[PDB]
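The next block holds one structure in the form of structure tokens; read it before the comments.
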Amino acid sequence: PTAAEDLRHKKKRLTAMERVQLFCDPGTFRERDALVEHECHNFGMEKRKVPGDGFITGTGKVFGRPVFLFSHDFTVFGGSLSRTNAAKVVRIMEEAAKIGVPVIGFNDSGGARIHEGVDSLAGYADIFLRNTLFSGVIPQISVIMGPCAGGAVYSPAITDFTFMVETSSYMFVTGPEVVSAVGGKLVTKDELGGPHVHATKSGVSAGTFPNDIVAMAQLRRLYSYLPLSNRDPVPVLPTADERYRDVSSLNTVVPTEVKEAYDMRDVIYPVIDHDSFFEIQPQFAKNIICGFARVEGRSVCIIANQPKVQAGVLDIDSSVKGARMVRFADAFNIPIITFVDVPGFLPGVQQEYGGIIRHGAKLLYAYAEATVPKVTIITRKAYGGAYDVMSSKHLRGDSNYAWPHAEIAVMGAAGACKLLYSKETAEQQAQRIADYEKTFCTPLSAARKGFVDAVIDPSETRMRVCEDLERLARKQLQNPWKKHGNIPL
Amino acid sequence: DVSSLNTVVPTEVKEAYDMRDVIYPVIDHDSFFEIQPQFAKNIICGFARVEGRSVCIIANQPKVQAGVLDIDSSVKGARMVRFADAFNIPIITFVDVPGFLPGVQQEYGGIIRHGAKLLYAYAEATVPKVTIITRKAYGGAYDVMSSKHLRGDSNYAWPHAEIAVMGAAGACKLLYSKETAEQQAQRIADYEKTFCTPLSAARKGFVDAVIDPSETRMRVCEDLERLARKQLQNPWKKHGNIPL
Amino acid sequence: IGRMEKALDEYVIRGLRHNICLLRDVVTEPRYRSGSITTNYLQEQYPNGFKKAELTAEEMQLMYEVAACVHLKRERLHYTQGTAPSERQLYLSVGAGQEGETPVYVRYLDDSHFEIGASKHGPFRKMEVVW
Ligand SMILES: O=CCCCC[C@@H]1SC[C@@H]2NC(=O)N[C@@H]21
Ligand SMILES: O=CCCCC[C@@H]1SC[C@@H]2NC(=O)N[C@@H]21
């Protein structure tokens with residue numbers, strides 16, 4: 034019996050129920066509500082009632098841990114929401130708020146249902162309020178499998194992570210017809226809101242998958258990292274890997290020349306456990322890396338610069354990416370580990386015309402507000418305000434480390450030499466820049482002041498990180514009483 | 279395996295059955311401790327274990343007086359629910375009620391006060407609740423016996439249930455004042471067919487799902503395992519004001 | 404030679420390419436094990452570029468079995484406490500077009516022992532994998 038799904042598969046596409054079956058465990062899905070009708074009675078809609086009413090909501094179970102989910106249905110009315118569709122979603126989110134369980138939704142709606150009038154707006158508003166209230170209480174993940182247009186786009190935005198499917202998905206606020214009507218330009222749906230556009234240009238989508246099957250397979254892996262609720266502790270899984278594994282290849286990663294580049298992944302991979310990195314937003318703002326990883330069987334958060342791309346310089350997009358990652362990680366009590374290599378901020382008129390001052394402050398706010406244990410490692414250099422922003426010791430950092438060839442200075446040697454000698458005799462470059470770099474572009478001064486705990490061999494990083502992260506397991510820090518902060522938007 | 283539940287409910291609507299035949303299969307073997315066994319026999323209350331954890335049982339009984347709510351039954355159920363909630367004990371209820379007991383003595387004795395106690399106890403409670411509607415639920419009795427709107431966790435019904443405002447006769451009378459005589463035969467049957475069935479209540483969203491009677495143990499164990507860590511709180515009060 | 408064969412496969416090199424495939428193919432060739440060779444041997448046996456020899460049916464079957472065992476072992480790691488499975492039915496097929504769908508079972512009787520078979524109600528072999 035394979036009835037009524039032949040029409041769907043013929044278009045090389047899967048069904049909502051099949052997606053739900055693929056996500057959860059083999060036999061642990063219990064559909065909650067299945068016999069519900071729209072009761073519209075307008076515009077010749079009194080007929081063609083549907084039992085499911087276009088939504089599939091259940092409970093399920095992943096890796097032995099509970100979950101909640103819902104999936105849109107494209108065959109029935111195009112997946113449009115109504116006064117009645119939104120009730121099921123509201124009930125699921127409320128139940129997942131009472132119990133410490135997350136929510137995952139597979140969006141496929143074609144837009145609002147016009148035949149209901151303003152009831153669709155009512156349902157949208159209720160879903161928006163539930164998302165707003167419960168953000169930071171239970172993790173929310175959203176996946177977009179098909180078209181997603183109109184005002185329905187906003188609820189995925191408030192969710193913590195949004196993923197996209199490559200061939201047959203798109204998302205935008207207004208359709209290309211209106212764009213043609215007002216501006217006069219003919220742009221296709223994919224050219225407007227395709228997965229690539231949101232992966233590279235707008236920065237909304239947190240990832241892209243080639244197929245639905247791969248999407249489910251990796252969504253399970255992502256779910257294996259998250260904590261169940263706000264009050265539950267960070268999960269710890271058994272692992273045969275051990276902190277005594279030898280990592281001596283880190284002694285040679287940093288080149289002896291100051292103008293040559295290297296890949297920061299060569300430093301990230303040895304420290305964490307084998308094959309346990311899940312990069313977030315891999316194709317957007319490549320000069321910074323963010324993602325999840327495990328250290329001795331417990332999930333941690335990774336944020337590191339990359340001198341491979343644009344000399345590892347902070348920017349607007351990198352600031353937004355890092356700020357969102359830090360805020361989410363702190364909201365759910367996940368340790369943060371950072372690797373620092375920054376020469377400063379990206380210079381340019383477009384930057385000031387785009388508001389670098391606002392955006393660069395977001396990362397600093399996220400780092401200063403955080404109360405989870407932090408570990409910082411300075412590999413090569415840290416200059417100016419970039420050193421302050423990237424989790425400096427003064428921002429209530431727990432432990433800070435440096436490598437023997439690091440440099441921590443106010444600015445580059447040339448600018449310091451220029452400002453320290455206004456009209457000093459010519460040729461001052463040769464006998465002053467070298468001396469200043471020798472005397473003050475070294476971690477000795479910063480260690481004398483007390484800004485780094487110790488200068489360590491690069492081969493001891495795994496040992497030190499495991500020791501510190503084990504000791505810091507029970508830190509309790511609290512901020513002054515506030516209704517909420519006022520972050521620079 | 280519990281497949282004997284498929285046959286407990288008779289196919290006639292005027293025949294009676296023993297609710298213990300439904301209570302005993304779901305709970306673990308030889309683990310029932312009835313409370314007040316000889317008083318207000320139309321309602322059963324007691325303690326029982328489900329998968330090794332103690333729960334509270336409150337069910338109607340159509341054997342005695344057609345399973346009709348009353349003063350004494352209301353007091354008994356109210357006290358049991360209040361005690362069970364005070365100490366964080368899950369509550370499981372089985373529903374079969376045609377309404378309240380009609381009589382002058384009842385109003386002369388204050389049915390209004392006493393019947394409100396059970397409703398207050400059910401609404402105030404914050405422990406996980408599971409409700410199963412076997413055959414019927416009419417009028418305010420459906421509201422009182424842990425309906426889904428009183429912050430109930432999960433509600434289930436059996437395929438031959440009935441959830442209506444009142445009996446078919448009264449509805450037919452009120453819906454057609456002076457309609458042509460013999461209206462009984464071609465109206466009561468139609469109304470009972472169309473609206474005395476769980477399809478309408480399922481359409482509205484008042485029952486989670488319609489289940490086979492053989493899956494009750496599975497569903498109850500699953501729900502009671504999942505609901506182990508619910509945290510609900512009432513608004514701040516020095517204390518309530520229950521109708522004494 | 405056998406020693407070399409075995410020792411070639413245990414040389415883990417990551418971060419750059421190498422010619423171990425050529426050495427393996429040359430050693431495994433029956434011409435090399437015949438006893439005598441020549442100095443024009445290489446280009447005589449490699450006329451157009453280089454193309455590594457393929458796998459026989461039993462080798463590919465063994466690779467399938469080991470892949471299924473590894474998949475199950477790594478799957479059991481992620482589950483919490485005792486809520487973990489012990490048997491599945493997998494469908495292995497190499498290539499982008501699923502060439503040669505081979506149903507496989509697995510039982511995981513111990514930490515490093517399985518009961519691989521064709522499917523359910525099929526004879527089992529009880530191989531061993533240590534990884
Ligand atoms: O010496 C002249 C140019 C030096 C730029 C050095 C890098 S480029 C971006 C960033 N902004 C700075 O002031 N320094 C760094
Ligand atoms: O049809 C006439 C009598 C129907 C009574 C049905 C039962 S008796 C007690 C309870 N109260 C009602 O209104 N209906 C039920």
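These protein sequences, in sequence, are chains C, D and V. Heads up: the first sequence begins at 34 in the entry's author numbering, then just goes up one per residue. Heads up: the second sequence begins at 279 in the entry's author numbering, then just goes up one per residue. Heads up: the third sequence begins at 404 in the entry's author numbering, then just goes up one per residue. Heads up, the beta-carbon is just placed ideally off N, CA and C, and yes, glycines get one too.
Would you mind reading off the limits of the beta strand (DSSP E) that contains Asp159 of chain C? Not the beta strand (DSSP E): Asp159 of chain C falls in the alpha helix (DSSP H), residues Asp152 to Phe167.
Per DSSP, what kind of secondary structure is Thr195 of chain C in: helix, strand or coil? strand
With three or more C-beta pairs closer than 8 angstroms as the rule, is the segment 430-443 of chain D touching the segment 408-422 of chain V? no
If you draw a straight line from the C-alpha of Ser522 of chain V to the C-alpha of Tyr508 of chain V, how long is it? 5 angstroms
Check whether the Cβ atoms of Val359 of chain C and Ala318 of chain C lie closer than 8 angstroms to each other. no
Same chain, Cβ closer than 7 angstroms to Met496 of chain C, five either side skipped, listed in chain order: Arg276
Is it true that the segment 346-365 of chain D meets the segment 322-337 of chain D, where meeting means three or more beta-carbon pairs spaced less than 8 angstroms apart? yes
Provide the residue span of the alpha helix (DSSP H) that contains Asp374 of chain D, from first to last. Here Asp374 of chain D belongs to no alpha helix (DSSP H); instead the beta strand (DSSP E) covers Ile369 to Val375.
In chain C, which residues lie less than 8 angstroms from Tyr482 of chain V when you measure between Cβ atoms? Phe96 and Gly97
Does the beta-carbon of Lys407 of chain C have 16 or more other beta-carbons within 10 angstroms, so that it is buried, or is it exposed? buried
Taking 8 angstroms as the CB-CB cut-off, is residue 527 of chain C touching chain D? As shown, chain C starts at 34 and ends at 522. That puts residue 527 of chain C outside it, with no answer to give.
Between which two residues does the beta strand (DSSP E) containing residue 25 of chain C stretch? Since the first residue shown for chain C is 34 and the last is 522, residue 25 of chain C is missing from the structure and cannot be characterised.
How about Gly445 of chain D: is its C-beta nearer than 8 angstroms to some C-beta of chain C? no
Residues in the segment 245-264 of chain C having any Cβ partner in chain V nearer than 7 angstroms: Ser257
Of the residues C:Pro491, C:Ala401, C:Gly417 and C:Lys508, which one's Cα is nearest the Cα of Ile520 of chain C? C:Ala401
Are the C-beta of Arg504 of chain D and some C-beta of chain C separated by less than 8 angstroms? yes
Please indicate yes or no: does the CB of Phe56 of chain C lie closer than 7 angstroms to some heavy atom of ligand 2? no
At a Cβ threshold of 8 angstroms, is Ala487 of chain D touching chain C? yes
Quick one: which unbroken beta strand (DSSP E) runs of 3-plus residues sit fully inside the segment 42-97 of chain C? Chain order, please. 88-91
Starting from the C-beta of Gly138 of chain C, find all residues in its chain whose C-beta is less than 7 angstroms away, skip the five residues before and the five after it, and write them out in chain order. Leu102, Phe103 and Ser175
Pull up the CB-CB distance for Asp431 of chain C and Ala403 of chain C, whole angstroms please, since I reckon it's below 8 angstroms. No, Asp431 of chain C and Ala403 of chain C are not in contact; Cβ-Cβ is about 11 angstroms, not under 8 angstroms.
If you measure from the beta carbon of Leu270 of chain C to each beta carbon in chain V, is any gap under 8 angstroms? yes
Buried or exposed: where does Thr494 of chain D fall if 16 or more other Cβ atoms within 10 Å of its Cβ makes it buried? buried
Are there 16 or more other CB atoms within 10 angstroms of the CB of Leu477 of chain C, so buried, or fewer, so exposed? exposed
Just to check, is the beta-carbon of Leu347 of chain C closer than 7 angstroms to a non-hydrogen atom of ligand 1? no
Report the residues of the segment 60-71 of chain C with a CB closer than 8 angstroms to any CB of chain D, ordered along the chain. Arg63, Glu64, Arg65, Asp66, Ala67, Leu68, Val69 and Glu70
Within chain C, partners of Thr459 of chain V - CB distance below 9 angstroms: The contacting residues do not exist; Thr459 of chain V stays about 30 angstroms from chain C at best.
Have a look at the DSSP bridge pairing and note the partners of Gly483 of chain C. Per DSSP, none; premise fails for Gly483 of chain C.
Is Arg504 of chain C helix, strand or coil when you go by DSSP? helix
Could you name the residues of chain C that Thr431 of chain V contacts, counting a contact when the two beta carbons are closer than 9 angstroms? Under the 9 angstroms cutoff, chain C gives no residues; its nearest Cβ is about 30 angstroms from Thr431 of chain V.
Considering only their Cβ atoms, is the gap separating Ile389 of chain C from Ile411 of chain C smaller than 8 angstroms? no
Using the rule of at least 16 other Cβ atoms within 10 Å of the residue's Cβ for burial, across every protein chain shown, is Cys424 of chain V buried or exposed? exposed
Does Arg413 of chain D have its Cβ less than 8 angstroms from a Cβ in chain C? no
Along the chain, where does the beta strand (DSSP E) containing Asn118 of chain C start, and where does it finish? No beta strand (DSSP E) contains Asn118 of chain C, which is instead part of the alpha helix (DSSP H) from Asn118 to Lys131.
May I ask you to list the residues that DSSP assigns as paired with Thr475 of chain C? In DSSP, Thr475 of chain C forms no bridge with anything.
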